[PDB]
Amino acid sequence: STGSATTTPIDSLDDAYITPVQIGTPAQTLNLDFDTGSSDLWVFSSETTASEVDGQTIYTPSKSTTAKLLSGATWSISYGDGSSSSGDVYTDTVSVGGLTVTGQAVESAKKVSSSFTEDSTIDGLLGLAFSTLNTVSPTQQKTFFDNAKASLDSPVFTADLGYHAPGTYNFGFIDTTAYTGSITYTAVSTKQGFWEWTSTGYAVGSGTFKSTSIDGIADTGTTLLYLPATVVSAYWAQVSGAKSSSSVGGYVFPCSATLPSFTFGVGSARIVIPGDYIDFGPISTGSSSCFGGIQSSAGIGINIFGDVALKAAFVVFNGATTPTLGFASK
């Protein structure tokens, strides 16, 4: 089997991407944030504290003939940005782009933090990291990809995120029309539960390539590119007037600037992030100070190749027995 679903930015900044997901019988369609940096499929639901719902579409398990309470199971998750959610668990039929999993753990939120409430466009998350990070207790549950794997033509999914445009998540096949040149594959460590890999270096604009190992995770659920302070300083030093602002929470730059591109290495291959991808616009409405799309990972504890980097590439998440990551230009 295969599946193919369109993923759409939630706003004009590409802050996140939503993908329609069919849950239950008859189908309830929720728009979920596909997140290769976590491993829980959780949704706004009929059980979510009413004051914490503001515009989201909810999953109502009582209206699904195939929903079953997973008795005794609870979940609770906290994300790198400080947000969180928790609740109980149902199993139900879940379909993505024509690909169906029966018995999928659907984590029903009783509580969500303000950040989720305030985002009316995201109805939940669908985790695509390794199932070892799944937070369901006392019986850990498998991701959608993990459950689908054996049925897939090939044990892969791909992320093709757009710049200010829709893109595609595919399951079970590689669309050879979706990228240019060849795909370069690189080793993955699953030791922390992430799609963790080592970039071979970087360049800033038309500058020379610096060969240096940068361990990081491929994370569709993170907006920006978070890299070591040395790398990020080297980038923003090429933008007149750019500075790190503790009041704003990172690097800002004059909105009048033209940003340089940023290149990262995948083996001997190179992925170029155009300068425009690194512009996240005014820090506040009407401001002439703009927020940078490359920020320091110092104090995160890990480097994150988030959407800013991934949307510059066609990315293969290979879930074979020995997992790997593939990157192609597009």
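Residue numbers run from 1 in the order of the sequence given.
Ring pair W195/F317 is perpendicular by interplanar angle, where above 60° counts as perpendicular and below 30° as parallel.
Distance alone, capped at 3.5 Å, is enough to place a donor-acceptor pair between the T36 side chain and the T220 backbone. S199 places a side-chain N or O within 3.5 Å of a backbone atom of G265 that can act as its donor or acceptor partner. A side-chain donor-acceptor contact under 3.5 Å links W236 to the backbone of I294. Between the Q28 side chain and the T60 main chain, a donor and an acceptor come within less than 3.5 Å of each other. The main-chain N or O of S113 is never found under 3.5 Å from a side-chain atom of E52 such that the two would form a donor-acceptor pair. Between the side chain of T200 and the backbone N or O of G267, at least one donor-acceptor pair lies under 3.5 Å. Counting only distance, with no hydrogens or angles, the side chain of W75 and the backbone of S137 share no donor-acceptor pair below 3.5 Å. The backbone N or O of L310 sits nowhere less than 3.5 Å from a side-chain atom of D307 that would complete a donor-acceptor pair. Between the side chain of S284 and the backbone N or O of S287, no donor-acceptor pair lies under 3.5 Å. For the pair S296 (side chain) and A298 (backbone), a donor-acceptor distance under 3.5 Å is present.
In this structure, OG1 in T158 is found 4.0 Å from CG in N170, a value given to the nearest 0.5 Å. To the nearest 0.5 angstrom, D54 atom CG is 10.0 Å from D119 atom CG. Atom-to-atom distance recorded for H164:NE2 and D11:CG is 8.5 Å, nearest 0.5 angstrom. One distance of note links CZ of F34 with OH of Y17; it measures 14.5 Å at 0.5 Å rounding. Rounding to the nearest 0.5 Å places CD1 of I18 at 13.5 Å from CG of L126. For the atom pair OG of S189 and CZ of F194, the computed distance is 11.0 Å after rounding to the nearest 0.5 Å.
Judged as a side chain to side chain donor-acceptor pair (under 3.5 Å), and not counting sequence neighbours, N31 has no contacts.
The environment of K330 atom NZ is dense: over 12 non-hydrogen atoms of other residues, nucleotides or ligands sit within 6.0 angstrom.
Two different hydrophobic clusters hold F327 and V272 under the rule that ILVMFWY side chains link at heavy-atom gaps under 4.5 Å. The hydrophobic clustering, which links ILVMFWY residues whose side-chain heavy atoms are closer than 4.5 Å, places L69 and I23 together.
Side chains of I273 and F264 form a contact here, defined as non-hydrogen atoms less than 4.5 Å apart. With a 4.5 Å cut-off on side-chain heavy atoms, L32 and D123 count as touching. Counting heavy atoms from C-beta on, the side chains of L259 and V239 come closer than 4.5 Å. Looking at heavy atoms from C-beta onward, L161 lies in side-chain contact with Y169 at the 4.5 angstrom threshold. In this structure, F305 and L225 have side chains that are in contact, with non-hydrogen atoms separated by less than 4.5 Å. At least one side-chain heavy atom of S46 sits under 4.5 Å from a side-chain heavy atom of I58. For the pair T132 and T190, the minimum side-chain heavy-atom distance is 4.5 Å or more. At a threshold of 4.5 Å between non-hydrogen side-chain atoms, the residues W197 and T324 do not count as touching.
With respect to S64, the side chain to side chain donor-acceptor pair (under 3.5 Å) criterion is satisfied by exactly one of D92, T25, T93: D92. Tested against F314 for a side chain to side chain contact (heavy atoms under 4.5 Å, CB included), the candidates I271, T180, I174 yield a single pass: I174. Paired with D219 under the rule side chain to side chain contact (heavy atoms under 4.5 Å, CB included), one option of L128, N303, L224, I304 passes, and it is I304.
Here the closest heavy-atom approach between residue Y235 and residue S261 is recorded as CE1-O, 3.6 Å.
A donor-acceptor contact closer than 3.5 angstrom is absent between the side chains of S38 and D40. Side-chain N/O atoms of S95 and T100 include a donor and acceptor closer than 3.5 Å. No side-chain N or O of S86 forms a donor-acceptor pair with one of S76 less than 3.5 Å apart. For the residue pair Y163/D276, the side-chain donor-acceptor check at 3.5 Å is not satisfied. Under the 3.5 Å distance criterion, with hydrogens and angles disregarded, a donor-acceptor pair is assigned to the side chains of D215 and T198. A donor-acceptor contact under 3.5 angstrom links the side chains of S108 and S45, judged on distance only. A side-chain donor-acceptor contact under 3.5 Å links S245 and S247. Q56 and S120 share no donor-acceptor pair across their side chains, judged by distance under 3.5 Å alone. No side-chain donor from either of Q141 and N134 sits under 3.5 Å from a side-chain acceptor of the other.
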Just do the side chain to side chain contact (heavy atoms under 4.5 Å, CB included) check on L99 and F144 with the steps written out, would you?
-> CA-CA 10 Å; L99 172 70; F144 175 81; 3.8 Å; yes
Intermediate values then yes/no, side chain to side chain contact (heavy atoms under 4.5 Å, CB included), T57 and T29 | CA-CA 8 Å; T57 295; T29 299; over 6 Å; no
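Between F171 and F157, the distance separating the two ring centers is shorter than 6.0 angstrom.
Screening residues 203-231 for ring-ring contact (aromatic ring centres under 6.0 Å, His included) gives no qualifying pairs among residues at least two apart or on separate chains.
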